[PDB]
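Protein chains in written order, with my numbering: chain B, 1 to 168; chain V, 1001 to 1169; chain W, 2001 to 2169; chain L, 3001 to 3168. Reviewing the structure listed below.
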Amino acid sequence: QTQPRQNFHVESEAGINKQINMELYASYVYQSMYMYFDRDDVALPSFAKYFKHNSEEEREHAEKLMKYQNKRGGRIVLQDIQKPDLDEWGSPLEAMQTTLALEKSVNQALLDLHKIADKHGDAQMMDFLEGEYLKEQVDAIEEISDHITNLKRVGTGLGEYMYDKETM
Amino acid sequence: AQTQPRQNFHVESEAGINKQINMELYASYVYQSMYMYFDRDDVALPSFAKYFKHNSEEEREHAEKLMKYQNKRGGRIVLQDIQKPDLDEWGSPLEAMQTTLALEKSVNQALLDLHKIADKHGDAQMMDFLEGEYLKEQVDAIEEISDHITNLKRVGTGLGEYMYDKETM
Amino acid sequence: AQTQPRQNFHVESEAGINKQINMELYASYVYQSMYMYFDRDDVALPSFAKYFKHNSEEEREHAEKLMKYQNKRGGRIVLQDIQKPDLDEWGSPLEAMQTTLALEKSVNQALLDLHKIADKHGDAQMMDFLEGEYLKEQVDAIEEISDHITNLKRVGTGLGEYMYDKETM
Amino acid sequence: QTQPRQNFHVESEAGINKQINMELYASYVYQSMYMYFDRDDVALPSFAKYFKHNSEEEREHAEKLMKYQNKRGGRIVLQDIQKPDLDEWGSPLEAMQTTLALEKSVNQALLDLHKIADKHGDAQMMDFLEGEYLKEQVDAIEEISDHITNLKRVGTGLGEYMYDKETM
Ligand SMILES: [Cu+2]
Ligand SMILES: [Cu+2]
Ligand SMILES: [Cu+2]
Ligand SMILES: [Cu+2]
Ligand SMILES: [Cu+2]
Ligand SMILES: [Cu+2]
Ligand SMILES: [Cu+2]
Ligand SMILES: [Cu+2]
Ligand code: NA
Ligand code: NA
Ligand code: NA
Ligand code: NA
Ligand code: NA
Ligand code: NA
Ligand code: NA
Ligand code: NA
Ligand code: NA
Ligand code: NA
Ligand code: NA
Ligand code: NA
Ligand code: NA
Ligand code: NA
Ligand code: NA
Ligand code: NA
Ligand code: NA
Ligand code: NA
Ligand code: NA
Ligand code: NA
Ligand code: NA
Ligand code: NA
Ligand code: NA
Ligand code: NA
Ligand code: NA
Ligand code: NA
Ligand code: NA
Ligand code: NA
Ligand code: NA
Ligand code: NA
Ligand code: NA
Ligand code: NA
Ligand code: NA
Ligand code: NA
């Protein structure tokens, strides 16, 4: 056993490794969206900036899970980061709808990881996940939902441009 | 049997103040409902939300100032149920402002009727308190909501609703 | 038919939050009644008044934070009548604090029952939100009111009530 | 007619002169109370300070009515300022009860003066009285009422001394 290890099940350790890969994947998706809105034929720099920031924070979320794995005495096992499903992401509205589905899948995987901690009595891991991950996912899902509603309200064309200049 | 401060303060004015207190609290509740309606994920107009949040707190403060006045004159505060608002959801920004205009006018008419009670009982100090602290602000509020309605008709639905939120609200 | 944010959020938790919202608003109304009772000319304890004024605004803010949470998770806020408090007047500072202790404990028990609803439906995020944002403060509030009751029994009526107002309150 | 005079009835002018005398009288009463609490055998310096301030403000209330009389074109006619009814004022509680009755009589006389302005259509005088006199009398009567309630609560002896040090 590694020196720190106490009340830390191998199933939780494996679940953290798989969550690490999913955060890195989400980071890659947002990096793709960032560079898509930076295209000369899309050219929405504040949408670009938004996905750049989201890409950096998903990757920080990954690192915080990596730090946690080491803190509890787990061992980090990295896997390929899959490329995103698409090369281009359509309208600002479609990109946000794609983002909502992504954040919800990440949230479901965090809830499943919390279930692993719960069944093995890992009280500290449950609280770590609730405070550091579940709370932010709820805020992020709300924020993307508001974006989708406003993008439907303002419509295509001028409205997409104004939303970029104002909210984003 | 009169309270220590009481002078030139009729029981009908005291009762009228208690009724006005409930109506300010009711209006506060209406605005707090509108605040949270515009905070919904499928409405999501954060500056309309903040406007009704502020309106809800001013109405609650208007209620408290009436409560303080009741005590100052030697009246006794008698609280009643605060009815829930008529609707759970308030439609478009335009419809919500139209609902607000009718509410503020209803509150104004009840303030004017309360002023009439003070007047017929010779309560000079209460008339002036109402004029300076309530009637003046109701006239400003009714004007402001009217301007909002006109601009919301001008900008129309969709992008205009969003721009009004970012600019005026 | 689900709202955009909704995930792992049961209708029973949503209903429980709406019920807790009404109970926080009710407690706010109770404290606002106590605030204005201590502001009466024949009670006239201005620091007890300010204490319940602040308590009334925190309860109203606790209600709003629950309303915001309901929207965040994709629930729909359904408001109900805010019942008037049981009494119009609250007796001595000691009796008012004893009334407050029972109220805060009632609110705490309803928060614990709301936590049980989240727990049985596996709502990990809602349990933590309740623990950090509501249960922790209810425990601090219940302790603080208990200290007030003990000191009010120690100082007794008359001068002691006045000194407690000037010093601790 | 004096140069400024417009819509200013002789009955209002006379009523202001009589209100002037009543404010000066109230000022004299409070000056007596001030010096009574300054006695070596009473010795409550914050009660003394309170009645000193009230004496100064009654006399400022008198001067503001004198200024108003001149503003409207009335002529100030002064009368004897009667000495107060008593030379000594008993307990802090009794002095406050005496003060409440005094402020209420002054308030009733202001309301009667407002009636004179009303029946002669003197809109400006009514508003002057409401804003500058009636509002303050209501605040003063409330404040004295609170004092009486607290003086009954704290009782005689130590309570009188503590009230002097704390509220007064
Ligand atoms: Cu993440
Ligand atoms: Cu837990
Ligand atoms: Cu926890
Ligand atoms: Cu109002
Ligand atoms: Cu609470
Ligand atoms: Cu005066
Ligand atoms: Cu008038
Ligand atoms: Cu006026
Ligand atoms: Na296992
Ligand atoms: Na597993
Ligand atoms: Na690209
Ligand atoms: Na760019
Ligand atoms: Na590795
Ligand atoms: Na959609
Ligand atoms: Na769980
Ligand atoms: Na959020
Ligand atoms: Na947003
Ligand atoms: Na919107
Ligand atoms: Na009547
Ligand atoms: Na009536
Ligand atoms: Na709502
Ligand atoms: Na509702
Ligand atoms: Na409602
Ligand atoms: Na209209
Ligand atoms: Na009305
Ligand atoms: Na159920
Ligand atoms: Na239930
Ligand atoms: Na009261
Ligand atoms: Na009541
Ligand atoms: Na009550
Ligand atoms: Na007890
Ligand atoms: Na309960
Ligand atoms: Na005459
Ligand atoms: Na006369
Ligand atoms: Na003397
Ligand atoms: Na002295
Ligand atoms: Na003279
Ligand atoms: Na008395
Ligand atoms: Na009059
Ligand atoms: Na006052
Ligand atoms: Na006082
Ligand atoms: Na008192």
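For every residue, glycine included, the Cβ atom is placed at its ideal position computed from N, Cα and C.
Bridge partner(s) assigned by DSSP for residue i
i                       : result
residue 1950 of chain W : The structure shown does not extend to residue 1950 of chain W, since chain W spans only 2001 to 2169, so no value can be given for it.
Neighbour flag for residue i against chain L, beta carbons, 8 angstroms
i          : result
V/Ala-1015 : no
V/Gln-1109 : no
W/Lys-2166 : yes
W/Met-2163 : yes
W/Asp-2041 : yes
Chain W contact for residue i (CB, 8 angstroms cutoff)
i          : result
L/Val-3138 : no
B/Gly-74   : no
V/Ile-1082 : yes
B/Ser-145  : yes
L/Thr-3149 : yes
V/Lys-1050 : no
V/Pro-1093 : no
V/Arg-1154 : no
B/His-114  : yes
L/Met-3125 : no
L/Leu-3102 : no
B/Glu-142  : yes
V/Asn-1071 : yes
B/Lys-52   : no
V/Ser-1033 : yes
Environment of residue i [buried if 16+ CB atoms lie within 10 Å]
i          : result
B/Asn-150  : buried
L/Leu-3102 : buried
V/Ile-1117 : buried
B/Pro-84   : buried
V/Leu-1112 : exposed
W/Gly-2160 : buried
L/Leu-3078 : exposed
V/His-1148 : buried
B/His-61   : buried
L/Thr-3099 : buried
V/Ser-1092 : exposed
L/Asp-3040 : exposed
V/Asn-1071 : buried
W/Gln-2125 : buried
V/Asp-1165 : buried
V/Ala-1049 : buried
L/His-3053 : exposed
B/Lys-104  : buried
W/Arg-2073 : buried
B/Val-154  : buried
V/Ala-1096 : buried
L/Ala-3043 : exposed
Any C-beta of chain B under 8 angstroms from that of residue i
i          : result
V/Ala-1044 : yes
W/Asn-2008 : yes
V/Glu-1089 : no
V/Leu-1135 : no
Cβ separation of residue i and residue j, assumed to be a contact under 8 angstroms, to the nearest whole Å
i          : j          : result
W/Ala-2141 : W/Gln-2020 : W/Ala-2141 to W/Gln-2020, Cβ: 15 angstroms. No contact.
B/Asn-7    : B/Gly-121  : 7 angstroms
B/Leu-24   : B/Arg-59   : 7 angstroms
8 angstroms Cβ cutoff, residue i in contact with chain V
i          : result
B/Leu-78   : no
L/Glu-3130 : yes
L/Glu-3023 : no
W/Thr-2003 : yes
W/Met-2067 : yes
W/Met-2036 : yes
Self-check item: Those residues, in chain order, that have a beta-carbon closer than 5 angstroms to some heavy atom of ligand 41
Solution: L/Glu-3143, L/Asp-3146 and L/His-3147
Practice problem: Considering only heavy atoms of ligand 10, list every residue whose Cβ is less than 7 angstroms from one of them, following chain order. | Solution: B/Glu-11, B/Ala-14, B/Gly-15 and B/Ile-116
Quiz item: Within the structure, which residues are defined as neighbours of ligand 32 by a Cβ-heavy atom distance below 5 angstroms, reported in chain order?
Solution: The set of residues with CB atoms less than 5 angstroms from any heavy atom of ligand 32 reads, in chain order, W/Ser-2106, W/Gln-2109 and W/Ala-2110.
Exercise. Name all residues in chain order for which at least one heavy atom of ligand 22 lies closer than 7 angstroms to the residue's CB.
Key: Those residues, listed in chain order, are V/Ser-1033, V/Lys-1084, V/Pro-1085, V/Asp-1088, W/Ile-2077, W/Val-2078 and W/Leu-2079.
Quiz item: Residues near ligand 2, CB to any non-hydrogen atom under 6 angstroms, in chain order?
Solution: B/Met-126 and W/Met-2127
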